[PDB]
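Engineer: 3D, please:
(4 chains, ligands or ions: 10)
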Amino acid sequence: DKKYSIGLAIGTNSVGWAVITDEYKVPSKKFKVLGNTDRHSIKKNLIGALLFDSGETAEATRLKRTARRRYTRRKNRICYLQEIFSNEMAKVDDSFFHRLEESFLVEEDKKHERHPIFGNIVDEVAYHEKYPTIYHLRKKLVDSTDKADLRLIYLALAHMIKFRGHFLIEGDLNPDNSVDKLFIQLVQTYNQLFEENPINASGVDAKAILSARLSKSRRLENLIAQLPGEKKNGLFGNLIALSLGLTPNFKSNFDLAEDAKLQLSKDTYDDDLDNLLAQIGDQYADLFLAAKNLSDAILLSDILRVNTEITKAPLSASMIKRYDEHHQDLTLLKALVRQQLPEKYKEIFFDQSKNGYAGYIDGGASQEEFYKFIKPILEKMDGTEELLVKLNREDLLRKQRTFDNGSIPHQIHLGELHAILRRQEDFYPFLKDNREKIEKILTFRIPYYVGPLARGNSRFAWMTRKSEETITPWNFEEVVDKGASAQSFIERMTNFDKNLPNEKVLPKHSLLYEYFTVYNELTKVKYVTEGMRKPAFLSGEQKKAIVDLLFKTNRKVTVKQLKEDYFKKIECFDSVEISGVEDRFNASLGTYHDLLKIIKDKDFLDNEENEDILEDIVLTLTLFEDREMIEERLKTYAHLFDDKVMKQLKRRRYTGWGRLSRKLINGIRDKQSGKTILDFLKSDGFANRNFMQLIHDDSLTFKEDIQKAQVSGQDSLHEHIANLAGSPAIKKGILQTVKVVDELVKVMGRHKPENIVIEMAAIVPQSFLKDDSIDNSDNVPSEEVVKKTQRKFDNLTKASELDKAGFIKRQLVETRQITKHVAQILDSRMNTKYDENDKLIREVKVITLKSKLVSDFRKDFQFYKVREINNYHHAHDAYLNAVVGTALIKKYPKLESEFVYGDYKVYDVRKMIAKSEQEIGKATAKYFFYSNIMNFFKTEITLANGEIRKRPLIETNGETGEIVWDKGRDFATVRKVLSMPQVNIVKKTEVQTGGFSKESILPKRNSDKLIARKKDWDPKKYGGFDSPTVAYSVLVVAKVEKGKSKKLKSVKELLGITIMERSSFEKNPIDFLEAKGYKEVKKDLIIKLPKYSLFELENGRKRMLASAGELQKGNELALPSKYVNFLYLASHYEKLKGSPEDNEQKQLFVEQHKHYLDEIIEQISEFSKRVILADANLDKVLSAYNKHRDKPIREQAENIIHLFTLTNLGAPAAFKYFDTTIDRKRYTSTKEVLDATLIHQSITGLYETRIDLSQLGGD
RNA sequence: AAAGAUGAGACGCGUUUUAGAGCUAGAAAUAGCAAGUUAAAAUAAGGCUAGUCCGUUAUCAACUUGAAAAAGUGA
DNA sequence: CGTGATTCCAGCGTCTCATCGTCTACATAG
DNA sequence: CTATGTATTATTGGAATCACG
Ligand SMILES: [K+]
Ligand SMILES: [K+]
Ligand SMILES: [K+]
Ligand SMILES: [K+]
Ligand SMILES: [K+]
Ligand SMILES: [K+]
Ligand SMILES: [K+]
Ligand SMILES: [K+]
Ligand SMILES: [K+]
Ligand SMILES: [K+]
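Structural biologist: Residues are numbered from 1 along each chain as shown, chains lettered A, B, ... in the order given. Ligands and ions are numbered 1, 2, ... in the order given. Take a look at the structure below.
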């Protein structure tokens, strides 16, 4: 337990781990076995792999949460409507709302009459005859002037309020702006603005061209083609694009330097148009407004298919048109089918199982499915021409409520609602008094920047209230503080400072932040003239003069300006040499110049007084995006500026946030000096310390205060991992990796390893770079051959040394940053002590390897992997990672800085790359000359052609002399390790969480498996759910009554506690089980069993718990290494990137060892007979193997790779041997595992607790 | 620039039970014909903290001391 | 009654907002 | 190493049914 290394392979569903020693060998130990078994210890190799289900994202959970909120709020608005109608409805029908609430119940459970609207059969039939759909009643109430029944009024208004349409269009809308007329007026406006360049709209059918249901760009192409001499990218073309909904840029048409993209749907369009008009002039506003009108026209013409002058209800009229055409076409279709195809009539109009009209109306068939089913039937008959035209138009036998009604904006429903209220407020005073209340109920939306209207019990809410009361759609503006809420909406998701976790970060365009950047860059600027002797820092006076004379007069400050406008003008230097800045100063004072342009008061900007004002203004311009809220917030400073300045300030807006808070820049001060960070940046004697120096100076209290303020935690590992940027699945993997490393360190007596290697899921000679991609005579094809992608062409025509070092690095370094974070976590956990110079003592080196390294190693030295055989390949990948990484760092220690985490010296490879010498390059201190850091592993290397260079058997480090790779002794070690059959494969047991059951609301069925959707909704009458998800099973040992005599009988069985049942069972298990039917339960014998709990039965047969009523295969099939390599080589039969002679040798090995095939089959059968127990499936598999014995070896090997599904760990799965389909043999009973041996495994599986369940019993 | 991650506000369907008096013929399970497009209510059971809030992400071998939280146990 | 074999099946589309980090290249520092 | 700046797709448990003992 002294000197060892750990190799790790982190994945989305698995973490492979391995422990290696000095000689790249995997140790083995005797681990104690706890429990009541006859085995008290077991032998374990220190190598394995942890398997686990994928980590899920929160997307589905959030979508269901928002759906819940939307259903709640829709119910609430309907309740508001009923509350408004309460008293007058009670005067009309005291039980109308009651019946509308008990509509779902059956008549047995109904407390009032079964007819909802009128409470008697005659009036109900009369209403359904007079108004066949709700839209007929909507149109009638819109158009008629007669007094109407208050109940029908409520029904129409409630249908509109319950389903109100989208809110994607801002402002009011009317069918007055419905395509030819608005196109004509747009053309008139364009020709008015552009007299000299008029456009001809004659013969250009705008309605048909712009309303053809096709893509937008295609409609634009069609319309532009109708205008000769005009282009899609022209001004009129851009207007047609803006009207169609595309995003055109008017930067080319009006000759601009900024890119002003305009889209009508975006919320910024109001401000975007004002921006463009500030660049082009207000005389074009009319034009863009006409364009918007045209867009409205297109949308409304696509939605409304009726004349908008005959009725004020165009949408209801279009729905009634749908209904009438449906009626007529169904009559015609029934007649035609009765006449021509009479045998299909029953199938079409009575078989809900078929996708005919019967399955289209009463079955689950969709409109698309019905069209696909009935198109050939229409084609076979006569008189179906118009029906087929309507079918190909997706307009045949349509329903009123369909998937595309998502186009309807809330303005249309609101117009119809307002029309009804206008018509009926003449007869009902309460309607006239509450008209705006009802319209507000329909229109009101909680702004996205407000969030949930909570009162201190929602972790999602940030809204703040002006008064603490109930919030209604009518008092929202008075109770909710929209300003503070939209401030929090942004500040919840803004980063805090890395040094101060309690202080919000500054805006990026903050004057304080820009001063910080400028001064931090300016302190480190040095200058030398011919007179002076040494580089000199800029004093505080010099920095102040440079800031006042250059940064406050220019937007960008160049080094030429620093030399001429200051060192020459002020210091009177004719020649100055400036370092610390190359061509120009990266930092600049942009917001300073912007505000100087806007307010035109330099003394206001330079007075360190108005700062807090200016800062706040910039904050207001960044924090908020709504113009009205920006105005409301800047109203406090209105008295400081002119109203013109106030408007120009409103129009200015910024985006972006910095990395440092206001406190660190200017808040905290050094104790003895009393100066902030910016004060030291303005003047720090002759040291001119910068941010990093200041916060990391032990002679200042900045460092100590930063360490104190780091009281956000004292922080949890789960929190550090959770806060990382990445997918939740890889984060689950990282947490499992850290826990595995902790357990492995504890296994070695808390001894820390030497290294930890982590890996996360020939034109140019292969001696230089093993690039086998699309992009890929000596180094390159010779010049004579050249005479006879861009990177590909450059490498081909390159006919190096620096590119060789670049290859060395590209073959080596891991650019992915999540791996850097994993390395930092492991390193900070391992290395915690500091030396005499207070620098970290890296006892453990954390190495990061690319998967390409171990992949190439496997392919070069024939340690092939076959992922379909078993799960060992993860552990093998971890072991190979350990081996390759440790050997690689021992061979070339100078490359530490490239792949080992930590601040180390970056001495590079240009020195290590030898000269053109090869024979002396291996003797000199230059590390090596050939450009593959993986060449020292081979005994011979081939720079293409036939010139084979040779390497020694033993490879060592040149300087230290430590042996790094004995080619005679280490490859055999790797082979023996990869051949070990005992590998610790542990499937992470997990309690099942999530949705209670299957979301499908099933019909009524006489089955106890049905789950009531409400307490009182007996599923035998109302249907319900089935298929619950078992959170975990429970081993119960108790007695149940039996027979009519209720005699107690001892039992031992598995009860599946569902996710819905979990909290009730955990609150009191005894009462839960007794309610389930068990009596006298041994509470101490209750065993909780999560999914994938492991049992061992007879002859080593293992099973994992899939649920309380199903099991999964629990054994691994350890196939010998020779069969694995044979399967790899035989299944490929493709060029293995190796020399054609090596390919021929591998093909000859494949053909010489064909008998292996049979042996593999045998190896499967012996396994299945022992463990799988799928007699019919195994017999079918054997017959299929004997059937295709004449097939080529490659295809037989591929289908054997397929065969391994029968023996894999986990859930059974169907597979195929050629064309033979083997269905899954499932273990539909968990009765056996009640008497087997339960195995509780630690995360590595090295620690076990075995419980003989046969001991448990009530006799 | 997009992806992804996270949060917020909305829209449209889907599904369930009920209401849409089916008629005629026979001793009759039933048969023939007619009809079908719409609505109401629910949309995780529910919780208390009673909000126009929350309820499907993350985390979880065994054992021991343990209000609980945390550690400790085994070549 | 039970066990094995064999089917069958599983809520999903659309839009509007916002923030974050990925990702290399220099330069200053720890 | 770190901090700051400029530059689109299957899977697998529940449920039922049917043969067969
Ligand atoms: K979520
Ligand atoms: K959804
Ligand atoms: K609810
Ligand atoms: K889980
Ligand atoms: K849990
Ligand atoms: K929509
Ligand atoms: K909805
Ligand atoms: K008859
Ligand atoms: K659901
Ligand atoms: K486990």
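Engineer: mind listing what residue A:1002 touches?
Structural biologist: A:1010, A:1019, A:1023-1026 (Cβ atoms under 8 Å, 6 or more residues apart in numbering). Backbone N, C-alpha and C define where each C-beta goes, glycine included.
Engineer: do that again at 10 Å, thanks
Structural biologist: Counting by Cβ atoms under 10 Å, 6 or more residues apart in numbering, residue A:1002 touches A:1009-1011, A:1013, A:1019, A:1023-1027.
Engineer: possible to save those as CSV with distance to DNA strand C?
Structural biologist: Formatted as CSV, the contacts of residue A:1002 follow (distance: Cβ to the nearest atom of the strand, whole Å):
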residue, distance to DNA strand C
A:1009, 13
A:1010, 13
A:1011, 12
A:1013, 13
A:1019, 15
A:1023, 13
A:1024, 12
A:1025, 8
A:1026, 9
A:1027, 7
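Engineer: and residue A:17, helix, strand or coil?
Structural biologist: strand (DSSP: H, G, I helix; E, B strand; the rest coil).
Engineer: May I have the beta-bridge partners of it?
Structural biologist: residue A:8, residue A:48 (DSSP bridges).
Engineer: wait, what's in contact with it?
Structural biologist: A:6-10, A:46-50, A:736-737, A:740-741, A:743-744, A:874-875, A:878-879, A:881-882, A:984, A:1243-1244.
Engineer: Please report how far it lies from residue A:865.
Structural biologist: Taking Cβ to Cβ, to the nearest Å as the measure, residue A:17 falls 17 Å from residue A:865.
Engineer: just to revisit the earlier point, sitting in helices, which of the contacts of residue A:17 do you find?
Structural biologist: Under the assignment DSSP state H, these contribute A:736-737, A:740-741, A:743-744, A:874-875, A:878-879, A:881-882 to helices.
Engineer: which one of these has the most neighbours?
Structural biologist: Using other Cβ atoms under 10 Å as the neighbour criterion, residue A:882 leads the ones in helices among the contacts of residue A:17 with 32 neighbours.
Engineer: Do I have it right that that one meets residue A:853?
Structural biologist: No. Judged on Cβ atoms under 10 Å, residue A:882 makes no contact with residue A:853 at a distance of 12.0 Å.
Engineer: Could you tell me which residues touch both of the two?
Structural biologist: residue A:759.
Engineer: Could you save the contacts of residue A:1002 as CSV and add columns showing neighbour count and secondary structure?
Structural biologist: CSV is the format used below for the contacts of residue A:1002 (neighbours: other Cβ atoms under 10 Å; DSSP: H, G, I helix; E, B strand; the rest coil):
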residue, neighbour count, secondary structure
A:1009, 12, coil
A:1010, 19, coil
A:1011, 19, strand
A:1013, 15, coil
A:1019, 22, helix
A:1023, 19, coil
A:1024, 23, strand
A:1025, 20, strand
A:1026, 16, coil
A:1027, 12, coil
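Engineer: Identify the residues contacting residue A:1114.
Structural biologist: A:985, A:987, A:1092-1097, A:1100-1105, A:1171, A:1209-1210, A:1227, A:1233, A:1239.
Engineer: how does it look with 8 Å?
Structural biologist: With the criterion set at Cβ under 8 Å, 6+ apart, residue A:1114 makes contact with A:1094-1096, A:1101-1104, A:1209.
Engineer: so how many other residues sit close to the residue lying closest to it once chain neighbours are set aside?
Structural biologist: Once flanking residues are discounted, residue A:1114 sits nearest to residue A:1102: 3.1 Å by Cβ to Cβ, 6 or more residues apart in numbering. The tally of other residues near residue A:1102 (other Cβ under 10 Å) stands at 20.
Engineer: Same question for residue A:1054.
Structural biologist: 20.
Engineer: That one sits in which helix or strand?
Structural biologist: strand A:1047-1058 (DSSP states H and E).
Engineer: So which residues make contact with the helix or strand following that strand?
Structural biologist: Sequence order places helix A:1062-1067 as the next helix or strand after strand A:1047-1058, per DSSP H and E. Applying Cβ under 8 Å, 6+ apart, the external contacts of helix A:1062-1067 come out as A:1031-1032, A:1034, A:1057, A:1072-1073.
Engineer: Could you pull up the residues touching residue A:31?
Structural biologist: Taking Cβ under 8 Å, 6+ apart, one finds A:41-44, A:1246-1248 in contact with residue A:31.
Engineer: whoops, residue A:686 was the one
Structural biologist: residue A:537.
Engineer: Can you name the residues that contact the residue nearest to residue A:317 when sequence neighbours are not counted?
Structural biologist: The shortest distance from residue A:317 to any non-neighbouring residue, by Cβ to Cβ, 6+ apart, is to residue A:306 (4.1 Å). In this structure, residue A:306 makes contact with A:314, A:317-318, A:321, judged by Cβ under 8 Å, 6+ apart.
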